[PDB]
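In what follows, a single structure is set out as structure tokens and then discussed.
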Amino acid sequence: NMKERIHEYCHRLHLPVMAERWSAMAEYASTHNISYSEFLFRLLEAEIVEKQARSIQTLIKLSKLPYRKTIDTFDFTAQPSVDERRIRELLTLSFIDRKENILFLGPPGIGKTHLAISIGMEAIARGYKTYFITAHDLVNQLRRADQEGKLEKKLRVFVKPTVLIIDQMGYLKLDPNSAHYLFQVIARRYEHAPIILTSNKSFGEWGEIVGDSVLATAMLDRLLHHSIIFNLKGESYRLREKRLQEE
Amino acid sequence: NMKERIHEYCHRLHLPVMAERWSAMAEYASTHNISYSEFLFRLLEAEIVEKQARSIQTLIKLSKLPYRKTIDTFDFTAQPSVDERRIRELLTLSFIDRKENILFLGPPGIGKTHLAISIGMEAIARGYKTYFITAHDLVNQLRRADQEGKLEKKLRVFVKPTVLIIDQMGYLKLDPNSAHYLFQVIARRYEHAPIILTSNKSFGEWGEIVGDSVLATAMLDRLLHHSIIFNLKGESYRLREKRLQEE
Amino acid sequence: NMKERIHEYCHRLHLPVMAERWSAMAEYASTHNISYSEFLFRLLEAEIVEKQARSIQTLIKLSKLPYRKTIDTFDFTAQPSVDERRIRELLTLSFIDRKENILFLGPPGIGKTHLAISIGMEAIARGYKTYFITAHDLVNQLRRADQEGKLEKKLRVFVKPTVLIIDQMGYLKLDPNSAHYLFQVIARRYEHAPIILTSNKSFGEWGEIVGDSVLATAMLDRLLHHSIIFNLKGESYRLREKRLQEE
Amino acid sequence: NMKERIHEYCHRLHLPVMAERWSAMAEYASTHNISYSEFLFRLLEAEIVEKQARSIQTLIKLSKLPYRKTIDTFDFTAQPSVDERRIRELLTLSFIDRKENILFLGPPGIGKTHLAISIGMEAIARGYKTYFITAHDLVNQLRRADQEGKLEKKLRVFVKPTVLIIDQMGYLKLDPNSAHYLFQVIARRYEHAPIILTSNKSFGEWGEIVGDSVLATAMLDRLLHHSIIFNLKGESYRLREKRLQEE
Amino acid sequence: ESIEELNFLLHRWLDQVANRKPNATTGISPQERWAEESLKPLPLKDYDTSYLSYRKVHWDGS
Ligand SMILES: Nc1ncnc2c1ncn2[C@@H]1O[C@H](COP(=O)(O)OP(=O)(O)OP(=O)(O)O)[C@@H](O)[C@H]1O
Ligand SMILES: Nc1ncnc2c1ncn2[C@@H]1O[C@H](COP(=O)(O)OP(=O)(O)OP(=O)(O)O)[C@@H](O)[C@H]1O
Ligand SMILES: Nc1ncnc2c1ncn2[C@@H]1O[C@H](COP(=O)(O)OP(=O)(O)O)[C@@H](O)[C@H]1O
Ligand SMILES: Nc1ncnc2c1ncn2[C@@H]1O[C@H](COP(=O)(O)OP(=O)(O)O)[C@@H](O)[C@H]1O
Ligand SMILES: [Mg+2]
Ligand SMILES: [Mg+2]
């Protein structure tokens, strides 16, 4: 007949949602005298919406985020030091065009990673690729790749993503000789793509963390040229905020 | 608007034909008030037909066939040695399921290559993959691959195709190296995929052709285990066409 | 011999067509040396086509349709009240899956029975089973069945068909007994199988038609829960044909 | 394509074996230049043979025989009193045309039921229907049917089969009033179909077994008119024959 | 017939007997030991456990 042939052709053209809903769309267009062009547009638009949803699902899967969070679950009353409007502006993703780097600095547990992942999620929503990594982990992976000789592959893996979320810069300290990998990543992404950094160590401690003063100075010179630095002043939310607000 | 968005969605869902013919088909439906289901079916049918056409063109391109020939072009009155019944039954492509190898033997210009090319074309048309190679070129490429150490790559390339058409066999004499290359090719495609071969020398002569009686006998024994022979006899069609052109 | 044994086997395996056409098809194959597979395929295809033809004839016979009508016979220019789009979409037979009941309302001779007969014919052609009964005859048969105690038999006979076309509704007035018979028929085929009904009275008038306002309202409420209405308006095609015959 | 369509059409026409072997038959006809008519005849003949085999399977299933035995497992040296040639003649099934009744009489365990079932199996092989029952069981079933009022159905069930194997006539004695059921069966099958009887009680004991002298006399008068009575004189095979031959 | 009803019945049953009957080993009503328990305080805001998906709004706004 024709219904089975339509189903088969929709499946062969990779249009599952179209195969599911074509009968209902046809009936609705029938009951409202919808033009043929608008009927086709409705079908195509539904298919596009579903495909974009699945694409966003795949991108969030490959982002390698430890978890999923958003600005909705964030309270700016507990963080009054920094302006709320600036974060909302960042949510517009105007920094992706400017290629500016976003830095969150503050004591542990003050919500750095939360905000970074929220911004990354906003970027992933609108199609931009995003990769989440810990600085020490990134350096270790680059070192292993260099030892194996195929360093450029991993370097491209780290440089291609539009948004790079490097977290826990100061949490762990690898052999200083490997800091050149971090410098390579930061310089290659320089003036090309934004970088989202989050850490609890001042800018002076970088020389100690990487075990090199001039290398850290150059890394910061490039990472801070086009950037918007947010310094979060407060106390560990999970413990201090609840303890001080339950009183 | 709507038309541009329809075009964008069509080209984002990999729908080339619909991008152009949707307006014409909408015009046609309006001129006859065709049902929405039938309109969608017409769009999908046209898309599928063109997709299959492009796929078949690509398959023919990959096959490396020197030129396109069909049994419909092959006259049988001029070739009374064989009967249409056997040839068309072969064209049904049952030997692939039976893994029977097909061998054509006859004087130059009889047509033993036209039939092989037609069989390959039909196999391509029915979704199978075919590779057309001349025995001399096959041997040369295999020798080069062995020299570069990539012999496994070329062996996989020559074994993967469902139907392998080996042409220009017997006319050129072979050394023991080429003999073992041919034996390896046959063994890899023995009881695994049909081989279509055209030659002008009897089986016994293969010992002299390859310069190794034992190896030639082994090749013949393995090939004839699943084989269909075609002894073609007749005046060269090239010569007859030349005579007709003269007169 | 062989021919007589072939005939006997054909008539013992329920192969009517092959019994006669096998000789003609053998002649045709010999005149063109058709392949055995294609010869068998031609035989089987002819047998299947004739089998389907006989099956459709039997289905039409069982349907009790007074005469065969098709939408191709139904002119739409003469009936501008409705549009070809809706009618053909109904002809796609999606309401059966949706279990939507179809109701036609209009003046005498408009064509509300021609469309129902065409829908039934298409449903038969697509493998569905259709029963065409006039409301008066339905009521009379149900009353007789109840008198003889076989009401369940006739109810099963009238509910089993996938599509039930109830004709001649409204013109004849109904008593409460006939009212409850109609209500039972609707209830049994409510959300279970489509009902195609043609009438000439508005829904409100059904209270007077059946002589029970509450029962008529219940019937209308249950029917309209899954219904498609067709208000047909125009000069009687019978009268127009008579006028054309006169001139 | 065509192979799948051929398979589908063969299944829709109820030709499973034809669907399985059509490719092989086509290939064989190809390699031997078999005529199209002979190809069709081969396919039809194979299908007919398989269908007849399945029909014989169903008939043997419905025969309700306690087990399956044949003359092959029968030794005529242990039963020299009766002629072997007569049993072989019976195996020709000439009695089915003459409508003569076959009676086996002898002591228990002398092979009565074995021979009766063997002859019944021979009859089933050539398409003739056969029903096996024990006389007392038949009478009890007829009595139950008569009590339920639908006696004619069971009577037709018992009379329709071409061969009726009534065994264990004297094993059990039901209420004499029910012997009229046995008389009904024997008289209705009289001069219409053969009856195969096997029992170890002389013809004089029938009046005692059925509890009626004249009724038994009439039953025997009808059952013995056209018959071939075999009297087996000997001893119980299973015990006596082995005991006397192991010495 | 409803999981809410089942949960309500379960909580009532627990608070009636399950957390009231003395244990066969501790030999004391569980609620007294609960009163003896010293658990760490709960955070004011609970870890949000809700499915988070990203979707796109159609052309019209549906
Ligand atoms: N039966 C035929 N009908 C039509 N054209 C034919 C026929 N046989 C051969 N030809 C023509 O033969 C030409 C190709 O050469 P042909 O296929 O005969 O060579 P071959 O069998 O490969 O011989 P060789 O031994 O040289 O490899 C084409 O022009 C094809 O049209
Ligand atoms: N649009 C049409 N095109 C062609 N013939 C038509 C059309 N409408 C009605 N007819 C003709 O109408 C005749 C049948 O009567 P019609 O179907 O109009 O009655 P109806 O709708 O059942 O009316 P009633 O209320 O009397 O039951 C047939 O000759 C059919 O050809
Ligand atoms: N301002 C805040 N609003 C809501 N939740 C917060 C806030 N600050 C911290 N949290 C909670 O604390 C955790 C984030 O701590 P994080 O910033 O990752 O610490 P660190 O940067 O030391 O890893 C999250 O589970 C988050 O829910
Ligand atoms: N002449 C014989 N040859 C082979 N087997 C026999 C013979 N006579 C009896 N038997 C065996 O004995 C059994 C048949 O006994 P049967 O005639 O049924 O006794 P009854 O008639 O008392 O029921 C079968 O299992 C069969 O194998
Ligand atoms: Mg050639
Ligand atoms: Mg009508």
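If you go along the chain as it appears here, the first residue is 1 and each next one adds 1.
Technique stated in the header: electron microscopy, 3.6 Å.
Cβ atoms here come from the backbone N, Cα and C positions, even for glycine.
What Swiss-Prot lists as ATP binding site is B:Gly106, B:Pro107, B:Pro108, B:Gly109, B:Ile110, B:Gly111, B:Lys112, B:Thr113, and the listing cites sequence analysis.
Overlay of Swiss-Prot feature records on the structure.
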| residue | record | contacts (Cβ under 8 Å, 6+ apart) |
| --- | --- | --- |
| B:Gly106 | ATP binding site | B:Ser81, B:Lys112, B:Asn200, B:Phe230, B:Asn231, B:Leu232, B:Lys233, B:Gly234 |
| B:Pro107 | ATP binding site | B:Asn200, B:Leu232, B:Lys233, B:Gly234, B:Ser236 |
| B:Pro108 | ATP binding site | B:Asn200, B:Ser236 |
| B:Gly109 | ATP binding site | B:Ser236, B:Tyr237, B:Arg238, B:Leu239 |
| B:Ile110 | ATP binding site | B:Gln79, B:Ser81, B:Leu232, B:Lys233, B:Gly234, B:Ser236, B:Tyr237 |
| B:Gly111 | ATP binding site | B:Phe74, B:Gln79, B:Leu232, B:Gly234, B:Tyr237 |
| B:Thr113 | ATP binding site | B:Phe104, B:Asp167, B:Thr198 |
At a 10 Å cut-off from the C-beta of B:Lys112 (ATP binding site), count the other C-beta atoms across all protein chains. 24
Counting only residues outside B:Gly106, B:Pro107, B:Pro108, B:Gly109, B:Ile110, B:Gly111, B:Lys112, B:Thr113 in the same chain, those with C-beta within 8 angstroms of the ATP site's C-beta centroid are B:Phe104, B:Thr198, B:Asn200, B:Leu232, B:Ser236, B:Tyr237
Does any of B:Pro107, B:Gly109, B:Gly111 have a Cβ within less than 6 Å of an atom of ligand 5? These are the binding-site residues; tell me which, or none. none
